[PDB]
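Structure record follows, encoded as structure tokens.
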Amino acid sequence: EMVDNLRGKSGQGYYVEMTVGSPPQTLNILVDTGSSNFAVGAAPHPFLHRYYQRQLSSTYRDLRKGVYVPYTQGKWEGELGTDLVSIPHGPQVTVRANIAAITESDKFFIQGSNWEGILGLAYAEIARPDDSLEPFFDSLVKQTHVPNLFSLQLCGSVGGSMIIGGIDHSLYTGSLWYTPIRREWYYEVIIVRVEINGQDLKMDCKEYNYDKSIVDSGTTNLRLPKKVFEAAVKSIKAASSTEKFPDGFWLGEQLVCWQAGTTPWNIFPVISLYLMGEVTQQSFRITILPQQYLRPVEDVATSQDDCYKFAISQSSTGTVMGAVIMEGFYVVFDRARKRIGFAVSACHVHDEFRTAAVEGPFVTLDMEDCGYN
Ligand SMILES: CCNc1cc(C(=O)N[C@@H](Cc2ccccc2)[C@H](O)CN[C@H]2CCCc3ccccc32)cc(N2CCCCS2(=O)=O)c1
Ligand SMILES: CCNc1cc(C(=O)N[C@@H](Cc2ccccc2)[C@H](O)CN[C@H]2CCCc3ccccc32)cc(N2CCCCS2(=O)=O)c1
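Quick note, the sequence shown lines up with residues 62 to 217, 230 to 446 if you use the deposited numbering.
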């Protein structure tokens, strides 16, 4: 009954239904493995259809402390408190958890997204104001008998599943491959190799993880360090050279459009990210199709065409494997064993020539550690 409990709109995140307070107030909550605060709109805002009303909850407790959280995109401030929380289409339990009541925000809420709050699923180490503010999933595990693991199946209006406490085999095919969580703050992992169109980018592998690499359902794009981004774009340009696009496209400042139904998928390369394995100098790869990294932009005005935004962009805060990367994979956040699993999802991307894949093992003769720090 947990399958298909996620909804979303492209580029705007995936959300799950939750209740806060007693009697229960229903809100849609964006699932974010790239942060660690649970926060809900708690005052009127132009883009909020509804919000948490603390005065109506008999079980609300004010912690008498403010909190400020900035993201790559957007920021908010609010008041800390605790209340009862449940997940109607998740585990049938109720927990008392920390909740930030958002009272002011800037470029955070998105017009028409259908969500009113955010569930930070990463570790206490990056919670604000500090790591003494226990994250929701930690509270869930402590207070209920739920196993310390969740999995995400994000599918390319969109949908998907969040499975809490276990792995649902009906949601993937083939083998699950695991990469170590290097440090429990973000879900930090290590990329050891990048290929585009089957060709190694041939960088010192530390470059791929400058200054960290993370798996982040709350960020849309694959975000890459400048040096890696520049090399990736050059390689994608070369592979797709039968067509020439404006510089603005590669920078995410312009859409590219084709007459409806004629998108030339085949001229765009597959991208392989090799992730550190559980054994010394072994790795596996996840392979991404252009259907993932060219993100569709829905707009009735443009609808004689299909139009896309380039969903790979540059970062100065490390590599972010965002939603377009996670799409079509079943991703297991195995907190209990400090590892992340990847398998091909039941909604995996494929056409008649190519398919997304998770493959291994691969061996490297180089003994260098690819972690940047
Ligand atoms: C879904 C909305 N789209 C985007 C969202 C974000 C983004 O910052 N995601 C937040 C969650 C969040 C924030 C605001 C609204 C919804 C969710 C996440 O939490 C970051 N994790 C961590 C990532 C590392 C840095 C960081 C710093 C501080 C907190 C968290 C993080 C980055 C994007 N991109 C930037 C803009 C251009 C496209 S992009 O490249 O996809 C696009
Ligand atoms: C019958 C087609 N079969 C496949 C084709 C490709 C693929 O992208 N081929 C690259 C070279 C390349 C890339 C990566 C690794 C080695 C070589 C070439 O650049 C084709 N360009 C185009 C040339 C014109 C015709 C064409 C037709 C169809 C696709 C691409 C092209 C990948 C496939 N698998 C690789 C392993 C992972 C799953 S997969 O991605 O499905 C299966």
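From the three backbone atoms N, C-alpha and C, an ideal C-beta is built for every residue, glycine too.
The beta carbons of residue 370 and residue 382 sit about 5 Å from each other, so the pair counts as a contact at 8 Å. Taken from the Cβ of residue 231, every heavy atom of ligand 2 lies 8 Å or farther away.
Residue 119 carries a coil assignment under DSSP once its states are collapsed to helix, strand and coil.
Remark: C-beta atoms of residue 89 and residue 150 do not approach each other more closely than 9 Å. About 5 Å separates the Cβ atoms of residue 126 and residue 141, confirming a contact at the 8 Å cut-off. For the set 332, 335 and 305, the Cα lying nearest the Cα of residue 366 is the one of 305. With contacts defined as CB atoms closer than 9 Å, residue 377 and residue 327 fail to qualify as a contacting pair. In this model, residue 374 and residue 273 are separated by some 40 Å (Cα to Cα). Per DSSP, residue 268 lies in no alpha helix (DSSP H); the unbroken beta strand (DSSP E) holding it starts and ends at 264-269. In the DSSP assignment, residue 399 forms no beta bridge with any residue. Under the Cβ criterion (8 Å, minimum of three pairs), the region 258-275 counts as touching the region 308-323. Under the three-state reduction of DSSP, residue 370 is assigned to coil, being neither helix nor strand. Membership of residue 198 in the alpha helix (DSSP H) is indicated by the continuous run 197-204. Cβ-Cβ separation between residue 282 and residue 443: approximately 6 Å, consistent with a contact (criterion under 8 Å). Measuring C-alpha to C-alpha distances from residue 316 to each of 340, 301, 404 and 415 identifies 340 as the nearest.
The beta carbon of residue 255 sits no closer than 8 Å to any heavy atom of ligand 1. Within 10 angstroms of the beta-carbon of residue 338 lie fewer than 16 other beta-carbons, which makes it exposed. Below 8 Å, enough C-beta pairs join the region 409-416 and the region 244-253 to call them touching: three or more. Taken in chain order, the complete beta strand (DSSP E) segments of 3 residues or longer contained in the region 308-346 are 329-332. In this model, residue 303 and residue 324 are separated by some 10 Å (Cα to Cα).
By the Cβ test, the region 132-141 is in contact with the region 158-165, since at least three Cβ pairs between them sit closer than 8 Å. Short note on residue 434: C-beta not closer than 8 Å to any heavy atom of ligand 1. Taking 8 Å as the cut-off, one finds at least one heavy atom of ligand 1 near enough to the beta carbon of residue 130.
Rounded to the nearest angstrom, the gap between the Cα atoms of residue 107 and residue 135 is 15 Å.
Residue nearest to residue 346 within the set 379, 244, 265 and 118 is 265 (criterion: CA-CA distance). Residue 290 has its alpha-carbon roughly 15 Å from the corresponding atom of residue 385. Contact check for residue 279 and residue 445: beta-carbon distance about 5 Å, within the 8 Å limit, so the pair qualifies. In terms of Cβ geometry, residue 163 and residue 405 do not form a close pair [threshold 9 Å]. The Cβ neighbour count for residue 429, taken over all protein chains shown within 10 Å, is at least 16; the residue is labelled buried.
Scanning the region 97-151 for uninterrupted beta strand (DSSP E) segments of 3 residues or longer gives 99-102, 122-131 and 136-147, listed from N- to C-terminal end. Boundaries of the beta strand (DSSP E) harbouring residue 434: 430-436, taken from the DSSP string. Residue environment for residue 105: exposed (fewer than 16 other C-beta atoms within 10 angstroms of its C-beta). With contacts defined by Cβ atoms closer than 9 Å, residue 193 and residue 185 form a contacting pair. Rounded to the nearest angstrom, the Cβ distance from residue 180 to residue 91 is 7 Å, consistent with a contact under 8 Å.
Three or more Cβ pairs closer than 8 Å define a contact, and the region 198-217 falls short of that threshold against the region 117-132.
In terms of Cα proximity to residue 62, the closest of 244, 69, 74 and 98 is 244.
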